[PDB]
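Heads up: the structure comes next, in structure tokens.
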Amino acid sequence: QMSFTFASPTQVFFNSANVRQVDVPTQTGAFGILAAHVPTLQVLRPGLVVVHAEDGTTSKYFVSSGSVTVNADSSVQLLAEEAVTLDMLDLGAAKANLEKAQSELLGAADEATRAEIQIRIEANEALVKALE
Amino acid sequence: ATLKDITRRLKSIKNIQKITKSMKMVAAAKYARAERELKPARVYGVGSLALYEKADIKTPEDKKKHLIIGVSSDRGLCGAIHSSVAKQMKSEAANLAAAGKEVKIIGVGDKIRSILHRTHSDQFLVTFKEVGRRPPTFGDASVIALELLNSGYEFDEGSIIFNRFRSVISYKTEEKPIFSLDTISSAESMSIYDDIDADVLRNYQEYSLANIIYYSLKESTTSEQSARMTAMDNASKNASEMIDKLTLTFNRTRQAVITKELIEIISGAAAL
Amino acid sequence: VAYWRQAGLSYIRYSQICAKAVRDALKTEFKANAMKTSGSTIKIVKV
Amino acid sequence: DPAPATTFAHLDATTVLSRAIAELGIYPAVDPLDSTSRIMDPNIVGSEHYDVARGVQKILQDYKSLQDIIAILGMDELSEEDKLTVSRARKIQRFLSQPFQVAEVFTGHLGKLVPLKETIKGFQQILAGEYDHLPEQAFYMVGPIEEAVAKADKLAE
Amino acid sequence: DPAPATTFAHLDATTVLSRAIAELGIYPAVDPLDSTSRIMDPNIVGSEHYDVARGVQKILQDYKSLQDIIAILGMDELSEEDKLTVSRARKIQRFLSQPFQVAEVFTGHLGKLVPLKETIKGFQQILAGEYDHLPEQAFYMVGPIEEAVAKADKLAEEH
Amino acid sequence: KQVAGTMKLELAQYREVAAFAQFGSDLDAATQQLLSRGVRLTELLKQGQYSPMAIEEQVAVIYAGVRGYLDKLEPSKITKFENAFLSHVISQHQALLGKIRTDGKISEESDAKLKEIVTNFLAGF
Amino acid sequence: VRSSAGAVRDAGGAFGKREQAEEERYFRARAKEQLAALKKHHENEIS
């Protein structure tokens with residue numbers, strides 16, 4: 001069984017729960033929760049906590065960043081910097097944020113500031129994609 | 001005694017007791033909020049530990065560098081917090097000096113800077129400030145850790161003293177170890193890890209370390225607030241105690257001088 | 001590496017930006033909770 | 001007291017007894033800084049005795065002074081040297097105390113007097129802190145400083 | 001004192017010294033919130049001057065109050081309103097005194113013929129905080145507040 | 001009497017933890033509100049030499065406080081506020097002022113009329 | 001009875017001595033601050 005430690009630094013998504021499979025976007029690269037997934041962690045990208053749970057549960061929790069860890073004990077330690085609520089934002093808000101991130105991505109000052117705007121583009125892109 | 005000066009001391013004491021009461025109340029509020037937060041914080045910190053806990057963490061014994069990961073508060077009045085902190089600190093400092101590993105006193109909180117004000121004062125890696133200006137912020141913890149990341153102090157290993165608030169009364173003044181991903185290079189347990197890029201492994205190590213910083217921060221901070229509260233409590237106890245005999249002798253001297261002037265007048269009448 | 005880290009920028013700082021974005025996606029319900037745990041004050045030792 | 005107030009100018013040695021010391025369990029409980037005479041001078045007491053006396057006086061001055069703060073402050077903000085010297089002077093009050101054989105009749109713990117030079121030597125040992133780790137409890141009722149070290153060992157025992 | 005009792009009994013005007021202030025080095029050193037004088041009234045001093053004096057009394061009372069408060073904690077917890085109040089009260093105390101020319105025998109500094117309008121103006125400026133970036137020590141043993149600004153500049157020279 | 005029944009209880013309650021006001025920070029919302037009521041009163045605490053006023057005027061001011069109608073007045077200025085609202089009544093609600101005075105009985109309608117006169121005077125202050 | 005404002009400082013014992021000394025420390029910190037700021041302002045007015 002899983003040890004689904006899915007939780008924001010503030011809140012908790014799963015408390016060492018025992019589910020079947022799970023995935024959300026990952027900076028390390030998203031993949032499904034498999035028992036044969038080796039003891040490992042991942043760098044988080046903005047995802048939606050998509051868990052093919054052991055029970056009949058697929059509860060999508062939008063996630064932003066952090067790191068999710070899973071040990072040989074299935075210590076599924078989804079430590080969330082921001083696991084966004086279902087109602088975490090407004091689609092118009094994300095679209096306008098994307099517009100700003102693109103204009104200043106058009107207004108990309110330099111590879112540092114451009115990288116900032118690039119993260120912004122990817123981020124509001126995930127915003128639209130979750131909205132999508 | 002001058003019932004003038006005596007009363008001066010007495011009112012001083014009364015004000016002191018009131019002030020201690022209010023301060024203890026404030027600390028009660030602070031540590032209560034601390035405990036309230038600590039619950040999810042406890043889980044998060046447990047998880048943060050679990051990362052390196054997941055493998056026999058045997059860093060490079062040839063660590064020519066260590067790390068004196070020290071955290072203090074800008075605030076004080078929490079008893080042996082800075083004191084026991086510097087105690088375990090001196091212990092680990094002797095131990096690491098034995099190792100000759102080039103450790104540097106990583107700093108946040110002027111209490112340590114004071115502890116650092118003599119103890120190998122140059123050893124201070126860098127002292128982040130404002131420690132405890134407001135409630136804990138894992139974002140601010142991230143900020144401090146980011147400063148550390150800016151620091152090219154490739155500390156092969158290091159330990160962070162923490163007063164693990166083992167209870168409200170019990171603050172287990174422990175130290176939290178930390179290795180280097182560079183040392184983490186040669187692990188079969190790392191070979192037992194799933195397909196991790198090393199800088200990605202290094203960056204993730206950093207992220208977990210920052211999480212650990214935030215967790216130790218919240219724990220020691222709750223310990224600090226509770227310690228200040230209980231300290232004020234003991235202080236108020238001692239204050240009431242002093243005030244007891246104070247008032248005793250106070251009425252004693254009050255009636256004493258009263259009847260003293262009385263007897264003076266009586267004799268003066270006798271003189272007439 | 002990352003568009004950050006290929007440039008050298010910190011996956012840590014990347015997460016920092018990610019938190020900024022998450023705040024940018026804070027709900028009207030959640031905007032305050034995002035400002036909640038927003039502060040920072042530490043300042044390193046300078047000479 | 002006007003009687004003793006006047007009396008203060010008649011005899012060589014003024015022997016102030018402090019019931020406060022008795023509260024500290026002092027045996028005897030002579031007043032630390034009050035009992036006095038013109039009979040103290042390195043012109044007579046030499047550098048050793050008079051110097052030790054003046055230094056102990058400064059130590060106790062600091063001690064009693066900080067006691068006022070510690071009254072609720074305790075050691076909670078006692079400075080490192082301050083706390084050090086404070087425990088030191090606590091042990092000092094403990095150490096200069098020695099038992100009385102006359103009292104040992106009731107007490108049972110043998111009382112005796114150490115040589116004054118022996119007093120100077122043991123006091124210096126304390127002054128550095130030769131037995132700095134030894135307890136005031138061990139220091140309590142101390143004659144020979146080596147006997148105090150043995151007391152510390154028995155404390156370890 | 002019963003002697004002071006009879007003294008206050010008919011003293012149509014009060015000149016309360018604060019020998020503690022002088023012990024603190026005050027020169028003038030009067031007991032400020034203590035002495036009474038009728039020309040300190042809104043119908044008499046004018047609303048502005050009497051009000052300013054009363055606010056000064058309140059500010060100094062806070063200075064004393066928070067002084068012990070600090071004695072407990074200290075300016076580490078000095079609140080924005082508080083550390084400001086602390087500095088302002090220290091400055092008021094400083095601006096209070098002046099060394100005279102007859103005093104210049106001991107006080108060294110010769111007398112400063114304090115103008116009433118200058119006094120009220122320095123009071124209003126301190127209420128504003130006329131030396132927030134500057135040291136209050138210039139206001140100490142000083143005449144006009146502008147003369148104190150000059151003294152602080154002289155300090156900037158001597159620093 | 002009705003005014004003082006709450007005014008004095010609030011004053012004591014403020015005094016009950018007024019020591020806490022020293023730190024001020026993290027004031028419990030109940031404590032903070034009790035303090036503000038006490039803070040408002042402290043603003044109103046002063047008095048003017050040779051300046052007697054209408055007793056019903058003070059009754060009205062305390063009533064406005066009881067309405068919480070002074071909760072948003074900055075205490076340093078809340079005094080001049082109450083004074084100005086007093087002027088507004090003594091011109092206009094002076095009719096309602098005499099109404100209460102000769103009445104000696106707090107008609108809920110007369111109470112509301114004074115409340116609205118004060119609300120105009122204060123919101124319009 | 002009544003308790004004074006700064007009643008201990010009014011008494012000014014070892015507690016009051018600490019009050020004075022901490023006033024010294026903190027006010028001296030602020031004084032070095034004000035003096036440095038004035039030196040900077042003088043430097044600014046030099047040009």
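Chain labels run A, B, ... following the order of the structure tokens; each chain numbers its residues from 1, and ligands are numbered from 1 in the order shown.
These are the residues of chain C assigned alpha helix (DSSP H) by DSSP from backbone coordinates: residues 3, 4, 5, 6, 11, 12, 13, 14, 15, 16, 17, 18, 19, 20, 21, 22, 23, 24, 31, 32, 33, 34 and 35 of chain C.
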Checklist line | Per-residue DSSP, chain D, filtered to strand (DSSP E), as a count of residues only | finding: 4
Check which residues of chain D sit at most 8 Å from chain B using only C-alpha atoms, and return one row each with the closest pair of atoms and their distance in Å to one decimal, ordered by chain and rising number, as a tab-separated table.
```
residue	atom	partner	partner_atom	distance
D:71	CA	B:238	CA	6.8
D:72	CA	B:235	CA	4.8
D:73	CA	B:235	CA	6.6
D:76	CA	B:79	CA	5.2
D:77	CA	B:79	CA	7.2
```
Check: Near residue 145 (chain D), counting only C-alpha atoms, which residues have an atom at most 8 Å away, once you skip same-chain residues fewer than 3 positions from it, shown as JSON, numbers by chain?
Finding: {"D": [122, 123, 125, 142, 148, 149]}
Using only C-alpha atoms, I'd like every residue of chain A that has an atom within 9 Å of chain C; please write them out as a PDB file with N, CA and C atoms, in the first residue's frame.
```
ATOM      1  N   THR A  10       1.527  24.399   4.114  1.00  0.00           N
ATOM      2  CA  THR A  10       0.459  24.819   5.006  1.00  0.00           C
ATOM      3  C   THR A  10      -0.509  23.679   5.285  1.00  0.00           C
ATOM      4  N   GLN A  27       8.452  19.087 -12.268  1.00  0.00           N
ATOM      5  CA  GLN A  27       9.688  19.595 -12.841  1.00  0.00           C
ATOM      6  C   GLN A  27      10.640  18.445 -13.126  1.00  0.00           C
ATOM      7  N   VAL A  43      11.137  16.953  -8.358  1.00  0.00           N
ATOM      8  CA  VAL A  43      11.001  18.400  -8.389  1.00  0.00           C
ATOM      9  C   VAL A  43       9.648  18.714  -9.004  1.00  0.00           C
ATOM     10  N   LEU A  44       8.889  19.578  -8.342  1.00  0.00           N
ATOM     11  CA  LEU A  44       7.504  19.773  -8.727  1.00  0.00           C
ATOM     12  C   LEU A  44       7.368  20.823  -9.824  1.00  0.00           C
ATOM     13  N   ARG A  45       6.448  20.556 -10.743  1.00  0.00           N
ATOM     14  CA  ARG A  45       5.907  21.525 -11.676  1.00  0.00           C
ATOM     15  C   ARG A  45       4.426  21.716 -11.409  1.00  0.00           C
ATOM     16  N   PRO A  46       3.830  22.773 -11.930  1.00  0.00           N
ATOM     17  CA  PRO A  46       2.417  23.017 -11.623  1.00  0.00           C
ATOM     18  C   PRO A  46       1.521  21.934 -12.184  1.00  0.00           C
ATOM     19  N   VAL A  63      -1.819  21.576  -8.173  1.00  0.00           N
ATOM     20  CA  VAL A  63      -0.577  21.802  -7.453  1.00  0.00           C
ATOM     21  C   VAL A  63       0.254  22.813  -8.223  1.00  0.00           C
ATOM     22  N   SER A  64       1.084  23.553  -7.493  1.00  0.00           N
ATOM     23  CA  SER A  64       1.968  24.510  -8.142  1.00  0.00           C
ATOM     24  C   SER A  64       3.427  24.072  -8.122  1.00  0.00           C
ATOM     25  N   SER A  65       4.007  23.865  -6.944  1.00  0.00           N
ATOM     26  CA  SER A  65       5.432  23.567  -6.864  1.00  0.00           C
ATOM     27  C   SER A  65       5.719  22.891  -5.531  1.00  0.00           C
ATOM     28  N   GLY A  66       6.990  22.634  -5.300  1.00  0.00           N
ATOM     29  CA  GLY A  66       7.441  21.954  -4.119  1.00  0.00           C
ATOM     30  C   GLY A  66       8.237  20.723  -4.520  1.00  0.00           C
ATOM     31  N   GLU A  81       4.436  22.974  -2.182  1.00  0.00           N
ATOM     32  CA  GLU A  81       4.546  24.404  -1.947  1.00  0.00           C
ATOM     33  C   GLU A  81       3.201  25.083  -2.119  1.00  0.00           C
ATOM     34  N   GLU A  82       2.479  24.756  -3.186  1.00  0.00           N
ATOM     35  CA  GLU A  82       1.132  25.276  -3.370  1.00  0.00           C
ATOM     36  C   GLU A  82       0.310  24.216  -4.086  1.00  0.00           C
ATOM     37  N   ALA A  83      -0.435  23.435  -3.316  1.00  0.00           N
ATOM     38  CA  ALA A  83      -1.486  22.590  -3.851  1.00  0.00           C
ATOM     39  C   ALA A  83      -2.744  23.436  -3.902  1.00  0.00           C
ATOM     40  N   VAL A  84      -3.110  23.866  -5.100  1.00  0.00           N
ATOM     41  CA  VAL A  84      -4.130  24.890  -5.255  1.00  0.00           C
ATOM     42  C   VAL A  84      -5.487  24.230  -5.106  1.00  0.00           C
ATOM     43  N   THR A  85      -6.398  24.934  -4.446  1.00  0.00           N
ATOM     44  CA  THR A  85      -7.755  24.443  -4.300  1.00  0.00           C
ATOM     45  C   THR A  85      -8.412  24.310  -5.663  1.00  0.00           C
ATOM     46  N   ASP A  87     -11.200  25.693  -6.374  1.00  0.00           N
ATOM     47  CA  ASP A  87     -11.561  27.074  -6.650  1.00  0.00           C
ATOM     48  C   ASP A  87     -10.415  28.044  -6.418  1.00  0.00           C
ATOM     49  N   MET A  88      -9.170  27.638  -6.649  1.00  0.00           N
ATOM     50  CA  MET A  88      -8.033  28.446  -6.238  1.00  0.00           C
ATOM     51  C   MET A  88      -7.917  29.759  -7.003  1.00  0.00           C
ATOM     52  N   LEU A  89      -8.474  29.850  -8.205  1.00  0.00           N
ATOM     53  CA  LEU A  89      -8.320  31.053  -9.008  1.00  0.00           C
ATOM     54  C   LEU A  89      -9.482  31.194  -9.984  1.00  0.00           C
ATOM     55  N   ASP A  90      -9.464  32.297 -10.732  1.00  0.00           N
ATOM     56  CA  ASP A  90     -10.474  32.593 -11.741  1.00  0.00           C
ATOM     57  C   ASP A  90      -9.828  32.508 -13.112  1.00  0.00           C
ATOM     58  N   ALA A  93      -8.723  35.652 -14.420  1.00  0.00           N
ATOM     59  CA  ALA A  93      -7.523  36.092 -13.718  1.00  0.00           C
ATOM     60  C   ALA A  93      -6.282  35.431 -14.298  1.00  0.00           C
ATOM     61  N   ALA A  94      -6.349  34.120 -14.537  1.00  0.00           N
ATOM     62  CA  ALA A  94      -5.204  33.414 -15.102  1.00  0.00           C
ATOM     63  C   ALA A  94      -4.903  33.899 -16.511  1.00  0.00           C
ATOM     64  N   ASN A  97      -3.270  37.283 -16.216  1.00  0.00           N
ATOM     65  CA  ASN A  97      -1.914  37.063 -15.741  1.00  0.00           C
ATOM     66  C   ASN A  97      -1.037  36.543 -16.863  1.00  0.00           C
ATOM     67  N   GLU A 111      18.106  37.326 -20.012  1.00  0.00           N
ATOM     68  CA  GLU A 111      17.987  35.894 -19.738  1.00  0.00           C
ATOM     69  C   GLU A 111      17.631  35.613 -18.286  1.00  0.00           C
ATOM     70  N   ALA A 112      18.045  36.481 -17.368  1.00  0.00           N
ATOM     71  CA  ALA A 112      17.567  36.371 -15.996  1.00  0.00           C
ATOM     72  C   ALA A 112      16.118  36.827 -15.895  1.00  0.00           C
ATOM     73  N   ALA A 115      14.175  34.774 -18.089  1.00  0.00           N
ATOM     74  CA  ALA A 115      13.884  33.488 -17.473  1.00  0.00           C
ATOM     75  C   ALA A 115      12.763  33.625 -16.461  1.00  0.00           C
ATOM     76  N   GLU A 116      12.733  34.748 -15.754  1.00  0.00           N
ATOM     77  CA  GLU A 116      11.627  35.020 -14.849  1.00  0.00           C
ATOM     78  C   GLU A 116      10.320  35.060 -15.612  1.00  0.00           C
ATOM     79  N   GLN A 118       9.839  33.753 -18.352  1.00  0.00           N
ATOM     80  CA  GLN A 118       9.650  32.444 -18.956  1.00  0.00           C
ATOM     81  C   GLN A 118       8.983  31.504 -17.979  1.00  0.00           C
ATOM     82  N   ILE A 119       9.448  31.524 -16.740  1.00  0.00           N
ATOM     83  CA  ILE A 119       8.755  30.823 -15.679  1.00  0.00           C
ATOM     84  C   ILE A 119       7.330  31.325 -15.591  1.00  0.00           C
ATOM     85  N   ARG A 120       7.143  32.634 -15.729  1.00  0.00           N
ATOM     86  CA  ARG A 120       5.801  33.199 -15.696  1.00  0.00           C
ATOM     87  C   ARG A 120       4.955  32.651 -16.831  1.00  0.00           C
ATOM     88  N   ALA A 123       4.073  29.216 -16.150  1.00  0.00           N
ATOM     89  CA  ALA A 123       3.186  29.137 -15.003  1.00  0.00           C
ATOM     90  C   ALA A 123       1.763  29.465 -15.401  1.00  0.00           C
ATOM     91  N   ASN A 124       1.554  30.640 -15.983  1.00  0.00           N
ATOM     92  CA  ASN A 124       0.221  30.975 -16.456  1.00  0.00           C
ATOM     93  C   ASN A 124      -0.220  30.024 -17.551  1.00  0.00           C
ATOM     94  N   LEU A 127      -1.644  27.523 -15.703  1.00  0.00           N
ATOM     95  CA  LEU A 127      -2.893  28.091 -15.219  1.00  0.00           C
ATOM     96  C   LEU A 127      -4.000  27.870 -16.233  1.00  0.00           C
TER      97      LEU A 127
END
```
Next item on the list: For CA of residue 56 (chain F) and CA of residue 100 (chain F), quote the distance in Å rounded to one decimal.
Entry: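 Separation between CA of residue 56 (chain F) and CA of residue 100 (chain F): 7.6 Å.
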Notebook entry, point to check: Any idea what the distance is between CA of residue 53 (chain E) and CA of residue 33 (chain G)?
Noted result: 29.0 Å
Note to self: Please list as a VMD selection string every residue within 7 Å of region 10-13 of chain G, counting only C-alpha atoms and excluding residues in the same chain fewer than 2 positions away.
What the structure shows: (chain B and resid 8 to 9 12) or (chain G and resid 6 to 8 15 to 17)
Next item on the list: Mind giving me the straight-line distance from CA of residue 19 (chain F) to CA of residue 22 (chain B) in Å, one decimal?
Entry: 6.5 Å
Next item on the list: Residues of chain B no more than 8 Å from chain E, counting only C-alpha atoms: send them over as a list in words.
Entry: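 On the chain B side, the interface is residues 16, 19 and 75 of chain B.
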Item checked: chain E contacts to chain F at 10 Å (only C-alpha atoms) as an MDAnalysis selection string -> chainID E and resid 41:42 65:66 69 77:79
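If you take only C-alpha atoms and a cut-off of 7 Å, the residues of chain G that reach chain E are residues 5, 6, 8, 9, 15, 16, 18, 19, 22, 26, 31, 34, 35, 37, 38 and 39 of chain G.
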Output file for the selection above: N, CA and C atoms, as a short mmCIF file (atom, residue, chain, number, x, y, z; two decimals), in the first residue's frame:
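Generated file (part-v7.cif):
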```cif
data_model
loop_
_atom_site.label_atom_id
_atom_site.label_comp_id
_atom_site.auth_asym_id
_atom_site.auth_seq_id
_atom_site.Cartn_x
_atom_site.Cartn_y
_atom_site.Cartn_z
N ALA G 5 4.13 55.69 36.62
CA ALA G 5 4.53 55.36 35.27
C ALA G 5 6.05 55.45 35.20
N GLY G 6 6.69 54.32 34.92
CA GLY G 6 8.10 54.23 35.21
C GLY G 6 8.36 54.14 36.70
N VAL G 8 9.19 51.76 38.66
CA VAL G 8 10.49 51.18 38.94
C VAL G 8 11.60 52.14 38.53
N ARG G 9 11.52 52.67 37.31
CA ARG G 9 12.50 53.65 36.88
C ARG G 9 12.48 54.86 37.81
N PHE G 15 17.16 47.50 38.51
CA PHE G 15 16.29 47.56 37.35
C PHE G 15 16.38 48.93 36.69
N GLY G 16 16.29 49.99 37.49
CA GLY G 16 16.42 51.32 36.92
C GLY G 16 17.82 51.57 36.38
N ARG G 18 19.60 49.29 34.97
CA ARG G 18 19.51 48.65 33.67
C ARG G 18 18.75 49.52 32.70
N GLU G 19 17.70 50.19 33.17
CA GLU G 19 16.95 51.11 32.31
C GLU G 19 17.88 52.17 31.75
N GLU G 22 20.50 50.52 29.28
CA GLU G 22 19.91 50.13 28.00
C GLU G 22 19.50 51.36 27.21
N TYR G 26 20.82 51.63 23.43
CA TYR G 26 19.93 51.80 22.29
C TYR G 26 19.98 53.21 21.74
N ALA G 31 22.04 57.10 17.99
CA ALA G 31 22.84 58.30 17.87
C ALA G 31 23.92 58.14 16.82
N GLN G 34 22.02 58.52 13.61
CA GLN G 34 21.74 59.91 13.25
C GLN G 34 23.01 60.63 12.84
N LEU G 35 24.12 60.37 13.54
CA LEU G 35 25.38 61.01 13.22
C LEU G 35 25.90 60.56 11.86
N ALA G 37 24.04 59.46 9.41
CA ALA G 37 23.14 60.07 8.44
C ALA G 37 23.51 61.52 8.20
N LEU G 38 23.85 62.24 9.27
CA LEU G 38 24.26 63.63 9.13
C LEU G 38 25.57 63.75 8.37
N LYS G 39 26.51 62.83 8.61
CA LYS G 39 27.75 62.84 7.85
C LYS G 39 27.46 62.62 6.37
#
```
Note to self: Need to verify the contact set: region 85-96 of chain B, 8 Å, only C-alpha atoms, exclusion of same-chain residues closer than 3 positions in sequence. Can you return it as a list in words?
What the structure shows: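 The residues that qualify are residues 66, 68, 70, 80, 81, 82, 99, 100, 101, 103, 112, 115, 119, 161, 162, 163, 173, 174 and 175 of chain B.
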Next item on the list: Using only C-alpha atoms, find the residues of chain B whose closest atom to chain C is at most 7 Å away, then write them as a PyMOL selection string.
Entry: chain B and resi 126-131+137+139-140+144+203+207
